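This report refers to the structure that appears directly beneath it.
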Ligand SMILES: CC(=O)N[C@@H]1[C@@H](O)[C@@H](O)[C@@H](CO)O[C@@H]1O
Ligand SMILES: CC(=O)N[C@@H]1[C@@H](O)[C@@H](O)[C@@H](CO)O[C@@H]1O
Ligand SMILES: CC(=O)N[C@@H]1[C@@H](O)[C@@H](O)[C@@H](CO)O[C@@H]1O
Ligand SMILES: CC(=O)N[C@@H]1[C@@H](O)[C@@H](O)[C@@H](CO)O[C@@H]1O
Ligand SMILES: [Ca+2]
Ligand SMILES: [Ca+2]
Ligand SMILES: [Ca+2]
Ligand SMILES: [Ca+2]
Ligand SMILES: [Mn+2]
Ligand SMILES: [Mn+2]
Ligand SMILES: [Mn+2]
Ligand SMILES: [Mn+2]
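Residue numbers (the entry's author numbering), protein chains in the order written: chain A, 1 to 253; chain A', 1 to 253; chain B, 1 to 253; chain B', 1 to 253. A prime marks a further copy of an entry chain.
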């Protein structure tokens with residue numbers, strides 16, 4: 001079995017691939033632009049990936065990897081400003097470049113399924129786009145399109161911390177994402193099946209992608225305060241779910 | 001820091017402390033009685049704990065441990081029979097003996113708060129007891145009483161597997177439990193704050209407790225198919241949440 | 001696969017089974033008797049084991065476990081006193097009681113092979129017993145007898161810390177033990193093949209055993225400052241050596 | 001604390017940075033050139049590093065990382081051919097390019113200390129270079145020069161597997177390397193103190209470097225069969241040695 005993992009509480013470093021307005025300051029990962037006084041900026045776009053590619057599966061052996069990630073984000077909107085556009089955890093092709101800004105979170109080009117996009121993302125959408133979004137602020141699983149295949153309402157606590165944990169169990173082909181606002185003792189969960197070998201390439205780059213609104217009053221910040229990732233690729237077809245018990249304590253908590 | 005952990009996929013062994021009708025057969029952990037033909041039996045009660053005590057916190061240093069567990073249960077009810085009574089993951093005092101059967105799951109004596117019980121449990125209640133239960137089948141956090149301080153409805157898929165993951169983050173004093181029925185792609189989550197140092201002793205025994213109905217038609221089986229546990233106790237007051245990423249992959253998946 | 005592991009940097013607790021004069025004080029594990037002023041005492045004997053049994057192999061499946069341990073010991077002898085008798089890391093039968101004191105380290109009864117003793121130990125002998133010991137202080141692998149099947153000279157740095165790491169790789173049936181005196185920058189290693197399934201039972205208790213000399217001038221202390229242990233038992237015959245890289249960093253360093 | 005780690009038993013992938021004649025074939029890492037019939041080739045040079053940089057320490061906080069690695073190499077020399085030149089595990093500056101071939105293993109330029117080389121390597125020298133080498137084949141710790149600051153004789157078992165484990169404990173500033181030839185039951189160890197913050201930059205690239213002889217009869221192969229790595233960087237000056245117990249079992253064994 002092949003294993004790769006990491007856990008960063010502090011951010012300074014070449015261990016990441018930054019694109020767009022993504023930057024590292026005060027040890028935290030700032031995905032979108034921010035003025036000197038600290039207020040967010042419109043029409044922004046930033047992405048950030050681990051410098052080492054991860055193997056999601058192996059065509060030759062039939063092995064599919066089980067992985068898991070957890071990170072803490074802090075989304076803040078200025079006093080009287082509205083939220084937009086959101087942040088997404090994504091698995092993209094290795095050389096990949098940003099895509100459509102605004103409501104496309106910098107990861108997709110359309111709301112129609114396009115297998116060739118080879119991108120899967122878990123989004124935390126803070127602005128409802130009438131063309132494809134549900135009426136509320138939600139969490140959703142996007143498979144090669146900006147139109148999620150499953151969503152759940154989400155009550156975004158402005159400025160408060162968010163603890164996210166996403167996992168993919170190869171044994172059941174299930175992708176589960178959960179969110180918790182410790183401050184409010186509120187918690188959300190969502191799960192759906194995904195045939196990962198069909199949607200993504202053998203190797204992918206894992207990281208984040210965020211965007212702000214295209215207008216003056218639709219802005220917010222996207223700070224990643226910490227990030228953990230673990231992936232395990234077996235040798236035979238026989239998949240083996242990960243050990244989240246040992247993972248969270250050895251990594252998150 | 002002190003760390004203890006384990007992960008069992010197969011069950012034969014002296015590594016566990018069995019009480020009541022709990023037994024190990026075919027490598028799986030059977031908490032309640034079952035006839036030879038396999039049908040469950042009424043008025044049953046079984047408990048099972050890891051033979052090694054775990055330190056939840058240290059009074060001298062002010063350190064509080066962050067821990068996490070995950071296990072797969074399979075609850076089945078005979079053809080025309082009703083469900084009852086349920087299974088619970090519990091943290092009990094080291095020498096502890098079973099308690100009230102039936103709707104008390106063998107862990108509590110009353111539905112009134114009694115700090116001296118020194119027991120905290122996450123229950124998966126399959127029968128609503130009019131005296132203290134919500135109208136549905138639920139998941140709940142019980143703190144020194146059989147009356148949960150928080151619950152969530154749960155649609156028990158008869159005979160299908162259930163994947164549970166419970167975590168306690170000392171940093172936020174938050175207890176979160178989630179359940180997933182892979183077969184149905186359904187998932188539940190529940191979170192509440194718990195002041196662990198006040199409800200439990202410094203050392204506890206971790207394991208399961210289950211019971212069947214007191215009548216002929218209220219029966220079900222309680223099979224634990226696998227179990228993982230990880231606990232981390234720091235040296236100073238400064239708590240440190242676990243790494244669930246590395247935990248799940250190194251333990252569950 | 002089944003996995004058990006732990007790592008203690010502080011010692012207070014019921015997580016251990018103490019025998020003889022073994023005691024826990026100031027958070028360190030003191031295997032032998034010490035008067036109040038701190039000087040060691042003659043004819044002493046103490047043992048200490050993890051309260052949870054470990055499965056070394058499974059007769060039914062043919063699986064043999066690969067394990068590893070690391071601990072820091074501090075052996076001190078009073079001013080003008082000689083060293084004796086030594087400390088040993090041992091794998092003994094679950095219910096086992098101490099054995100011969102003095103030069104038998106409390107784990108063996110004779111210097112003749114006796115398969116029924118079902119005991120394997122890595123010893124750090126500080127006194128040469130003319131009947132079976134080499135001329136100098138050594139490290140040795142004892143298999144069902146006090147007469148090691150392999151040894152290596154060892155220059156015991158009085159009062160200085162000793163970092164020991166022992167591993168058993170089921171794939172090559174090799175037992176390797178190494179010692180390092182950071183203070184002097186000295187290091188020792190020893191390796192030999194052991195057919196574990198033939199020398200020990202399916203379940204064993206892991207821990208330490210130490211003894212002091214039977215005379216007034218042959219004394220020393222045996223303090224364990226920290227201890228880590230990890231064991232992995234596969235499902236099929238196919239053995240899988242452990243990951244010492246991830247083990248040491250997540251446990252020792 | 002920041003943590004990075006990986007464990008590869010199979011080699012196909014972009015996760016590595018190959019230089020020179022390094023190549024990946026049949027899933028194993030071949031550091032030097034080999035003709036089609038499989039025989040080694042003279043004047044060869046290949047290097048290979050993990051695509052993600054690792055932080056050895058942080059100037060701002062005073063934190064120094066404790067790390068550990070383990071890998072299995074197979075060195076083979078054609079029938080009547082002599083051995084040369086050797087393989088080395090190295091920590092080099094991020095953008096670094098190969099250096100002198102032959103007896104310089106592709107990592108150093110001279111046998112005189114040159115702090116500006118910013119390179120530390122553990123070498124497994126298979127040919128004694130009269131200018132700076134000891135008389136026999138050895139294992140050595142090289143700090144900014146090809147002239148080791150410490151060495152140990154080594155009996156290279158031709159064609160047999162070699163299991164290497166290297167660790168650096170920030171707490172004691174000690175670098176320890178050990179080698180084991182399972183086939184012969186032989187084992188070697190070497191330890192010395194290294195002030196890592198003074199010899200290397202904050203960020204380095206970890207991997208291997210190997211070379212063959214410059215003549216027709218001084219050739220051998222350099223196959224890496226597996227590789228594990230784990231690094232942990234604390235937040236304050238207070239260093240914390242890794243857990244090799246949990247590392248080896250979760251990674252090597
Ligand atoms: C498709 C698209 O980018 N739509 C954007 C939307 O995402 C949001 O940024 C909004 C702010 O006023 O501006 C547009 O409507
Ligand atoms: C308090 C109590 O044990 N109540 C039980 C309930 O838990 C359930 O077992 C039922 C079955 O008919 O019998 C009783 O009502
Ligand atoms: C066989 C045996 O226990 N021999 C002991 C030896 O181990 C040592 O303790 C010595 C101290 O004077 O006393 C005896 O000779
Ligand atoms: C300094 C240097 O590279 N010396 C090399 C030596 O390392 C070895 O490769 C030999 C083979 O014949 O050729 C030269 O002497
Ligand atoms: Ca949107
Ligand atoms: Ca009930
Ligand atoms: Ca002796
Ligand atoms: Ca040389
Ligand atoms: Mn959406
Ligand atoms: Mn209830
Ligand atoms: Mn001896
Ligand atoms: Mn050399």
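Where is the CB? At the ideal position from N, CA and C, for every residue including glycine.
Neighbours of residue 188 (chain A) across chain A', judged by C-beta separation under 8 Å: 189. Residue 87 (chain A): not part of any alpha helix (DSSP H); member of the beta strand (DSSP E) spanning 85-93, first to last residue. Residue 248 (chain A) and residue 66 (chain A) do not touch by the CB rule: their CB atoms are close to 15 Å apart, not below 8 Å. Residue nearest to residue 156 (chain A') within the set A':47, A':75, A':51 and A':35 is A':75 (criterion: CA-CA distance). At a cut-off of 8 Å, the C-beta of residue 247 (chain B) has no neighbouring C-beta in chain A'. For residue 250 (chain A), the nearest CB of chain B lies under 8 Å from its own CB, placing it at the interface with that chain. The Cβ atoms of residue 224 (chain B) and residue 29 (chain B) sit closer than 8 Å to each other. When distances are taken from the beta-carbon of residue 222 (chain A) to the heavy atoms of ligand 9, even the shortest one reaches 7 Å or more. DSSP places residue 196 (chain B') in the helix class (H, G or I) of the three-state scheme. One thing to note: residue 4 (chain B') has its Cβ within 8 Å of the Cβ of residue 54 (chain B'). Taking 8 Å as the upper bound for CB-CB distance, residue 44 (chain B') and residue 61 (chain B') are not in contact here, some 42 Å apart.
With contacts defined as CB atoms closer than 8 Å, residue 104 (chain B') and residue 154 (chain B') fail to qualify as a contacting pair. DSSP places residue 239 (chain A) outside both helix and strand once states are collapsed to three, so it counts as coil. Contact annotation: in the region 92-114 of chain B, residues whose CB is within less than 9 Å of a CB in chain A' are 94. Sequence-distant Cβ neighbours of residue 125 (chain B') in its own chain, meaning closer than 7 Å and more than five residues away, are 86, 133, 137, 138 and 140. By the neighbour-count definition (other C-beta atoms within 10 Å, threshold 16), residue 37 (chain A') is an exposed residue.
A distance below 8 Å separates the beta carbons of residue 109 (chain A') and residue 99 (chain A').
A distance below 8 Å separates the beta carbons of residue 202 (chain A) and residue 58 (chain A). Those residues having their beta-carbon less than 5 Å away from any non-hydrogen atom of ligand 4 are, in chain order, B':84, B':85, B':102, B':103, B':213, B':214, B':215 and B':218. Beta-bridge partners assigned by DSSP to residue 46 (chain A): A:20 and A:210. Between ligand 2 and the CB of residue 31 (chain A'), the shortest heavy atom gap is not smaller than 7 Å.
Looking only at B:27, B:51, B:123 and B:24, the smallest Cα-Cα distance to residue 15 (chain B) is reached by B:51. Taking 7 Å as the cut-off, the C-beta of residue 123 (chain B) counts as close to a heavy atom of ligand 11. Bounds of the alpha helix (DSSP H) holding residue 247 (chain B) are 244-251. Within the same chain, Cβ atoms closer than 6 Å to the Cβ of residue 121 (chain B') are found at 88, 90, 107 and 142, the five residues on either side in sequence being excluded. Judged by beta-carbon spacing, residue 239 (chain B') lies beyond the 8 Å limit of residue 162 (chain B'), meaning their Cβ atoms are not closer than that value.
Under DSSP, the beta-bridge partners assigned to residue 188 (chain B') are B':179. The alpha-carbon of residue 206 (chain A') is positioned some 12 Å away from that of residue 6 (chain A').
Residue A:208 holds the alpha-carbon nearest to the alpha-carbon of residue 119 (chain A) among A:251, A:226, A:1 and A:208.
Flagged as an interface residue toward chain A': residue 241 (chain A), by a C-beta distance shorter than 8 Å. If the five residues before and after residue 167 (chain A') are omitted, its C-beta is found closer than 6 Å to the C-beta atoms of 68 and 176, all from its own chain and listed in chain order. Contact residues of the region 172-187 of chain B' toward chain B are 172, 174, 176, 178, 180, 182, 185 and 187 (C-beta to C-beta distance below 7 Å).
Here the alpha carbon of residue 97 (chain B) sits roughly 27 Å from the alpha carbon of residue 193 (chain B). For residue 148 (chain A'), the distance from the CB to the nearest heavy atom of ligand 10 is below 7 Å.
Contact annotation: residue 144 (chain A) and residue 220 (chain A) have beta-carbon atoms that are not nearer than 8 Å. Residue contact with chain A for residue 7 (chain B'): present (Cβ-Cβ distance below 8 Å to some residue of chain A).
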